[PDB]
Each structure stands twice: as structure tokens, then as C-alpha cells.
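Written below as C-alpha cells is the structure these notes are about.
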Amino acid sequence: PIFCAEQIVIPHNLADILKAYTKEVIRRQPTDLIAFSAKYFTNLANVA
Amino acid sequence: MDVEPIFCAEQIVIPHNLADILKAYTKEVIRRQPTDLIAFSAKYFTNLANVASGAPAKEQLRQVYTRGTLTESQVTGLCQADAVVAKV
Amino acid sequence: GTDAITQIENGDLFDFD
Amino acid sequence: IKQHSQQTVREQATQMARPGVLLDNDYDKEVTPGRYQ
Amino acid sequence: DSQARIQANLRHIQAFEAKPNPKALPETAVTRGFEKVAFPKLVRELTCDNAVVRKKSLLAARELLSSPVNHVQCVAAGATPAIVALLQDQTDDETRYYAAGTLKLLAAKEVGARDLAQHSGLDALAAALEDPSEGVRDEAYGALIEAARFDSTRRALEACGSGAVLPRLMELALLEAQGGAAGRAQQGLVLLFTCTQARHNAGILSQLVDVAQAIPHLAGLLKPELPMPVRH
Amino acid sequence: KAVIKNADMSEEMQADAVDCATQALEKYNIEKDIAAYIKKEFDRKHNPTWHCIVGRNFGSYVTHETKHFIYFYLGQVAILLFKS
Amino acid sequence: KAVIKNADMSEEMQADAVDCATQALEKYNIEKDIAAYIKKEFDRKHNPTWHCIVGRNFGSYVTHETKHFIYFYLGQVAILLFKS
Amino acid sequence: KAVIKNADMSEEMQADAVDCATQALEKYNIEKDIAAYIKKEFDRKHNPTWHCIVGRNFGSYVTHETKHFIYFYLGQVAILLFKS
Amino acid sequence: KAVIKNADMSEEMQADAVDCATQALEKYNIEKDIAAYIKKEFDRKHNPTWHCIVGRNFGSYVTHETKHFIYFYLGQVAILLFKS
Amino acid sequence: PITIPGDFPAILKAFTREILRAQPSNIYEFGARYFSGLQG
């Protein structure tokens, strides 16, 4: 029953992953960002 | 940022600069995380009172850290660069 | 006197975005 | 000649534990419900 | 415990008292409206008509720029132009002091630095570095130093007008030549050093070395007479 | 359990109010329903005028008839119950 | 802006309720202060008794006298006001 | 603007009391002046023995001559007037 | 903690009134209960027909028989007691 | 792990009560005397 701004939960392991994510992009600097991102996240899911 | 409840008489007036003093004191307490807050606060307020009146305790803490009962040493230091050390 | 019922529903007051 | 008692009406405010500026003093009491009729 | 009991009952009577009225607050009183109402209210109150209202709102803003969320909402609401405009007021020096401190608090986060640069705030700070007051100069030096943590601010300092780093070094030399004020000089020199570490520093170095002739000045300011942080 | 943050009633009346609230809490999953249940039972139990507010975030200023007021928590939910 | 979910009053009195709610939200921080400001201000002019509840999660059951009741949103706060 | 909270008194005296108390409020604002005005007027009108208590927060226990007893909120100030 | 603000009464009866007020605050908290206790005690012990007002904020203008009048700020509850 | 000390709110509460009661002209030495006296 969320009714206040602070109620939103920011996971502990979120920002780190996100930074790693942007790392890969800014390493490749691609143009089909959505496809490469989907491939990368699916790789991380299937390996984890 | 003034703090003024709806129902508070004029008989109670908050002195200016109280918020800032408690601001600083709370920040130091949060930074240090002492075990005995009462003597810590006494030492802190004596430190700031002496400093404003006219840097003993910063140097004392640095020397104690370099060395690697203590209240008496701090008190002696705060009541006194070779003449002062000789007097202590 | 007449009665009256109110209630804060879910998501009506709280715009998430 | 009889006797009747009078009293004015009195009001109260309640404010809940706020995530912000608020720190409330605790001067309350606890109870166990038991059965009800 | 009869006395304690009568005190308790008397206090309970004084509790439910039917207070008369919330008498109206004076005009010079600031407060935070519930939740988000405060950020729009502040940017209005920063531009009110009475001076003391603007100063106390500057203090309230300095309170309001601590957390990143309040910083974001206060800079999106349009605080920076008001703060820089108040800084450029020369009638009262105190307001300049508080405004410089408020800008130092503002420029800590990335968005604050970018919006300070966009609204020509760096030029305002450079102008304020020559304010005849004393505390405001230290606050302006600190604000510029804290803004210079980002490369974009360094580049914006590189090319803003014709000479910005040049008169900064000139002022450092001027204040070290007359008197012994070492805090301002050290702050200016460390700000200059932070400028030289910009990724493309070819312009920043060229300006300094060529026009300012920094090397003989630093060689003269390396003597063991000056305070050690200046030598550093 | 139940904590009485504020009370202005006899011990029996406060106990009855706590019992009414906890009894309501095992039937009604919507909060307006708890307000309605409490209001009916103190309506028939006592002098007919009453008022009840239930929730998890609210702050009030009510002028209540003397000797009749309560503000107490059950579980995580605050209940303000008073008479005009 | 004022989204009046449920009102039983005239137009002018509703508009004054919204204006008082705006002033209360602008001037005070905590909830009970806003509630007390609203209740006292409507005591001052309209009629001598009033009751107010300001919050984010609540729904009351009251017994208001006809021609005076409002339950409306301002900003992100629900304000419930009624005479009894 | 005067809810007659409780009164054992003739209807004409009730109406006259409300009228004279309205005149008292338009004349003065301090509670003791209001009480003086009201009891002096009813001392002139009826048996001189009268007693008036005016204020926002008080509760009495008095001895009144029968069919002379009134207690009413005329706005925010309450007036309690009775004859011994 | 009695402070006799203004009284016309024998000293022993003044001390008796202060005492009675003390156990009055001792026994109950409700206002009119305090007033009723004080008047009942001065009807039982002394001669009858007393009037009591044990209030917080009020202004009254009363007429009493001679040598029977007391007004004291016991605690910060102002108690007024007089004879018809 | 940057938290407020578990006992600090009450101590600051009492200190605020006393400083608002006394109304001093020097908060620093007031704190010095208050805390020294309470220490013993």
C-alpha cells in the first residue's frame, strides 16, 4: 500500500549493475543499443 | 528555516543560532560514534568554548593518535610551542 | 444528522511517475 | 431549587509518527483486549 | 504520591484546553510547506520584495540543498538564477556572503554545476572574487573549487570571455604581494591546479604559461619564507 | 497489541472501544468498513452522536464532547474515536 | 489542484475551503498543524464547531449536519472537513 | 449564532438573553466585561440576585432559583447565567 | 501550591478551602467534578448554598453575601468559590 | 553504517529542554557546565 515517496525501495545491488551495464555500452558505443542490451542481459541471466 | 508551532506562547523564545550549534554538535556526535556521550559532549563544549574565547584539542587528538587518564591529559593540554609543552 | 463515508483508494492520490 | 452541572467542550489534536521533522515523546499505556459484547 | 497524582491530573486538564486561535505569522517568517509545496514556494520566496525575507530564504535554501533529491527538485524549480542574482547585489555584503555559501552548497552535485555554468554563474563567481569583503571571497573560492571537480566546468572555465584563469593568477600574486593572506592564495592556486588537470588541457596550459608567465611567479612563490601550504 | 496514545474516557469505555476495534478487525478488510462498524456499535451502545476515523496516515483537530475521546493503535493502524 | 471527491456544501463555501487548505499547506509543515488551522479558521467565520482530518490514507464515517461537508484532494493530501 | 446548550428558563427570557448577549459582544470583548453587562441587565430586569460566568473553558456547579438557568455558546464564548 | 489571588473570608475557612481543593484535584481530573466536590464539601461542613467554578480561562462578575468569597490559582487551575 | 547513536535523541531532548528553560547568553559554556555537572 504505497502512499509516500520514501516507500519506494532502491535495491542494494542495483546501481552497481547499472554502472557495469553502462560500462559495456560505453566500451562498444554501438548503434543497436536495444538488441545488444537484450543480448547482454540475457547472457547475464543465463550464466548467473 | 524558522520552526514555529501553531500553539506556542511568546514566553518561550528560541535564541538565534541555537539551531546551528546543535547542527554542528549533532554532526560531530554522528561522525565520532562515541561510547560515552556525556563526557564526550562535555569535552566538546569545553573545546569550543575555549577556542572561541581564546587549537589545543585538535593537536592533542593528533598526538594521541601518533602515540598509539586520557581525560586528565586532555584537560592539562587545554589549559596551556615549547614553553606550553614545558608548562604541561 | 446525515451520515457520510469517504475512503482513500489505491493509486488515486498517489501518481507514481 | 435544584443543582445542575456545567462544563465547556474541549478539543485535542493527534499527529502520527512522521518520517520527517517529527520526534514524539512516548507517555502512553498498553492494554490487552479480552472478549467483547 | 498524592502530589504526583495531582500534578498529573492538572496536566491532563491543561492538555485539552481549547486553544483560542492560530494567530497570524509575521511577514518575515519562513517555513516548509507540506511535502513538495516547499520547493516552488522557495523559488518564489527567493524573489520576494523584502530583503530579510530573501536572506532567510537563502538560509532555508542552504538547508534545502543538502540531500540529492531536494537538490534536484530545487534546481529544477529554478533556484540558480535567483541565487546568482542575489549574489550580484552589491548593496549589502552579508547577502553576498550567504549567497556565495549557498552556491557552494548548490554546486556539489553534477546537475548543480551544469546549471550554474549554463546560467553564467561562473562569471558571477569570477566577478565576486574581487568583492571588497573578506568572507565572501573565501566562500566564492570554495564554490569555484567545488564546481571545478567536473571536467565540463573546467572546460567552461577555460573559454569564458577572454581571460578568466589569467586574472585569477594575477589576483593571487597581487594578494600575496600586499599582505600575508595565505588562505585565499592557496585556494586560488589549488583551483588553478584543478583547471590544469582538465582532459584536453592544451588551451588551459597555453593560456597560463604563455600569457600569464606563471613559471617565474611560482619560482618566486617557492621560497621558504612563505607558509607551507602556499609552497605546496 | 493495542496502545492508547491518547484517552479521555473511563477505563471501561476505553476497554469497550479497544474490544470493538479488535472485533471489527477480524471481519472487515476495507477501512471505511471498520469506521462504519465502530460508529454503529458506539451509536447503539451510547448517546447516539459519534464519529470515527481510521487509517495509517492522518492528523486531525477535532472539538469533542468532554469525557469522550480516544486515539489508539491496533496493529499498525491508528483509530481516532470521539463524540461531538 | 482541487479534485473534490465528495462535497455537500455551496459553491462559495467550497471555494473558501479550498483557499484555506491552500494557505494551510503553504504555511505549515506537520499534518496536525494544517488540520488545526483549517478547523480554527472555519470556526472563526462559518459556524462555531468544525472537525478536520488531513492525511494520505484514511476514510472516515461521520455524522455531519446537512449543508456542510467536504472531502477533497489538494496537492497530494486528502482533507476531510465537516461540522457536527 | 447562539446554540442554547442547556437552559431551564422562559422562552422570552431566553430570546432576551441571546439579544442582550449579542449586544454585549458588540459592546465589549473581554469575558468579565461581558459577564458584568449581562448580569447587570438581568439584575435590572428581574430579581437582582444574578450570577454570570463568561469564558471559553470553565465548568461550574451552582445553586439557581428554579426556572432561571441558562448555558449557551454564543459564538465561541460560553455564558452561564443563573439566579440564586 | 495555592496562590490566593483575591478573597474575602476568614483565615481558617481559607485554609479549609485550599485543603478541599487539594483533595479535589487528588480525586478526579474532570473539571465539573472538582467544582462539585468543593461545593459539596462546603455544603456539608459549613452552611449551605455555595457556588463553585474551578476553571482555566474565564471572566465572571458575581454578587455574594459578605465575608464569603475566594479566588485562588491552585496549580494553574483558578478556583472561585462564593455564597449566594 | 552511519547511524545516530542509540541514546542520543533523549540526551539532545533533555539538553534542549534545559537550554530553553534557562535562556543563556553563551551556549558553549552552558553545555560545558551542564554536561560536567551531569557527569558526576
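Going by the C-alpha cells order, chains are called A, B, ..., each with residues numbered from 1, while ligands are numbered from 1 in the order shown.
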
Superposition RMSD [C-alpha atoms, order-paired], chain H onto chain F: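 Overlaying the two chains on their C-alpha atoms yields 0.6 Å.
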
Within 12 Å of chain G: residues of chain A, using only C-alpha atoms, as a ChimeraX atom specification: /A:1-5

Polymer residues at most 7 Å from residue 80 (chain H), only C-alpha atoms, same-chain spacing of 2 or more positions, as a list in words: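 In the requested format, the answer is residues 52, 53, 54, 70, 71, 72, 78 and 82 of chain H.
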
DSSP alpha helix (DSSP H) residues within chain H, listed as a PyMOL selection string: chain H and resi 11-27+31-45

Contacts of residue 215 (chain E) within 12 Å, only C-alpha atoms, excl. fewer than 6 positions in-chain, as a PyMOL selection string: chain E and resi 169+205+208-209+221-222

For the residues in the current selection, export N, CA, C and O atoms as an mmCIF file, in the first residue's frame.
data_model
loop_
_atom_site.group_PDB
_atom_site.id
_atom_site.type_symbol
_atom_site.label_atom_id
_atom_site.label_comp_id
_atom_site.auth_asym_id
_atom_site.auth_seq_id
_atom_site.Cartn_x
_atom_site.Cartn_y
_atom_site.Cartn_z
ATOM 1 N N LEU E 169 45.162 34.086 -11.454
ATOM 2 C CA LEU E 169 46.563 34.050 -11.044
ATOM 3 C C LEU E 169 47.072 35.449 -10.714
ATOM 4 O O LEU E 169 47.856 35.632 -9.772
ATOM 5 N N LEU E 205 46.818 25.108 -20.404
ATOM 6 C CA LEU E 205 48.283 25.285 -20.219
ATOM 7 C C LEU E 205 48.729 26.486 -21.047
ATOM 8 O O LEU E 205 49.356 27.387 -20.473
ATOM 9 N N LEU E 208 47.864 29.899 -19.432
ATOM 10 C CA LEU E 208 48.681 30.143 -18.250
ATOM 11 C C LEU E 208 50.121 30.463 -18.625
ATOM 12 O O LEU E 208 50.583 31.590 -18.408
ATOM 13 N N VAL E 209 50.815 29.501 -19.241
ATOM 14 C CA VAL E 209 52.255 29.631 -19.450
ATOM 15 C C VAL E 209 52.565 30.814 -20.360
ATOM 16 O O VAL E 209 53.414 31.655 -20.043
ATOM 17 N N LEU E 221 57.354 32.359 -5.599
ATOM 18 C CA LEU E 221 56.473 31.932 -4.520
ATOM 19 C C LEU E 221 56.858 30.573 -3.947
ATOM 20 O O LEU E 221 56.095 30.007 -3.157
ATOM 21 N N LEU E 222 58.014 30.036 -4.330
ATOM 22 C CA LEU E 222 58.514 28.790 -3.766
ATOM 23 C C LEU E 222 59.501 28.994 -2.626
ATOM 24 O O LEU E 222 59.971 28.006 -2.053
#

Residue hits in chain E, query chain D, radius 10 Å, only C-alpha atoms, as a ChimeraX atom specification: /E:13,15-19,35

Output file for the residues above (N, CA and C atoms, as a PDB file, in the first residue's frame):
ATOM      1  N   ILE E  13      -5.727  18.254  32.617  1.00  0.00           N
ATOM      2  CA  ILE E  13      -6.637  19.379  32.399  1.00  0.00           C
ATOM      3  C   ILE E  13      -6.015  20.408  31.466  1.00  0.00           C
ATOM      4  N   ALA E  15      -4.010  19.908  29.177  1.00  0.00           N
ATOM      5  CA  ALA E  15      -3.852  19.351  27.840  1.00  0.00           C
ATOM      6  C   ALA E  15      -5.018  19.720  26.929  1.00  0.00           C
ATOM      7  N   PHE E  16      -6.241  19.374  27.333  1.00  0.00           N
ATOM      8  CA  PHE E  16      -7.427  19.561  26.494  1.00  0.00           C
ATOM      9  C   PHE E  16      -8.024  20.927  26.820  1.00  0.00           C
ATOM     10  N   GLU E  17      -7.412  21.965  26.263  1.00  0.00           N
ATOM     11  CA  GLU E  17      -7.610  23.320  26.756  1.00  0.00           C
ATOM     12  C   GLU E  17      -8.447  24.194  25.827  1.00  0.00           C
ATOM     13  N   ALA E  18      -8.703  23.758  24.595  1.00  0.00           N
ATOM     14  CA  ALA E  18      -9.430  24.559  23.609  1.00  0.00           C
ATOM     15  C   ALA E  18      -8.710  25.882  23.344  1.00  0.00           C
ATOM     16  N   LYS E  19      -7.544  25.763  22.713  1.00  0.00           N
ATOM     17  CA  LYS E  19      -6.694  26.917  22.455  1.00  0.00           C
ATOM     18  C   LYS E  19      -7.448  27.952  21.624  1.00  0.00           C
ATOM     19  N   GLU E  35       5.419  18.582   2.233  1.00  0.00           N
ATOM     20  CA  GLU E  35       5.951  17.869   1.039  1.00  0.00           C
ATOM     21  C   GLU E  35       6.499  18.782  -0.060  1.00  0.00           C
TER      22      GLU E  35
END

Expected answer as a PyMOL selection string: chain F residues within 6 Å of chain D, only C-alpha atoms: chain F and resi 2-5+19+59-66

Could you dump the residues just selected with N, CA, C and O atoms as a CSV table (one decimal), in the first residue's frame?
chain,number,residue,atom,x,y,z
F,2,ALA,N,-2.4,-3.4,21.5
F,2,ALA,CA,-3.2,-2.1,21.5
F,2,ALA,C,-2.5,-1.2,22.4
F,2,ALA,O,-2.3,-1.5,23.6
F,3,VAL,N,-2.2,0.0,21.9
F,3,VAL,CA,-1.6,1.1,22.7
F,3,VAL,C,-2.4,2.3,22.6
F,3,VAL,O,-2.9,2.7,21.5
F,4,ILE,N,-2.7,2.9,23.7
F,4,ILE,CA,-3.6,4.1,23.8
F,4,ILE,C,-2.8,5.3,23.8
F,4,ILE,O,-2.3,5.7,24.9
F,5,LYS,N,-2.5,6.0,22.7
F,5,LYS,CA,-1.7,7.2,22.6
F,5,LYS,C,-2.4,8.3,23.4
F,5,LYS,O,-1.8,9.1,24.1
F,19,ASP,N,-12.0,-3.3,22.5
F,19,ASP,CA,-12.7,-4.5,22.1
F,19,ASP,C,-13.5,-4.4,20.8
F,19,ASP,O,-13.4,-5.3,19.9
F,59,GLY,N,-3.8,13.4,10.4
F,59,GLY,CA,-3.6,14.3,11.6
F,59,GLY,C,-4.8,15.2,11.7
F,59,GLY,O,-5.3,15.8,10.6
F,60,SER,N,-5.4,15.4,12.9
F,60,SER,CA,-6.7,16.0,13.0
F,60,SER,C,-6.7,17.1,14.1
F,60,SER,O,-5.7,17.2,14.8
F,61,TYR,N,-7.8,17.8,14.1
F,61,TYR,CA,-8.1,18.8,15.1
F,61,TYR,C,-9.6,18.8,15.4
F,61,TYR,O,-10.3,19.5,14.7
F,62,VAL,N,-10.1,18.0,16.3
F,62,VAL,CA,-11.5,17.8,16.5
F,62,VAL,C,-11.9,18.4,17.8
F,62,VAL,O,-11.2,18.2,18.8
F,63,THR,N,-13.0,19.1,17.8
F,63,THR,CA,-13.7,19.5,19.0
F,63,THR,C,-14.6,18.4,19.5
F,63,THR,O,-15.7,18.2,18.8
F,64,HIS,N,-14.3,17.8,20.6
F,64,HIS,CA,-15.0,16.6,21.0
F,64,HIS,C,-15.7,16.9,22.4
F,64,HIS,O,-15.1,17.6,23.2
F,65,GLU,N,-16.9,16.3,22.5
F,65,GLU,CA,-17.6,16.4,23.8
F,65,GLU,C,-16.7,15.9,24.9
F,65,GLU,O,-16.1,14.8,24.8
F,66,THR,N,-16.7,16.6,26.1
F,66,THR,CA,-15.9,16.3,27.2
F,66,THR,C,-16.2,14.8,27.6
F,66,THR,O,-17.3,14.3,27.4
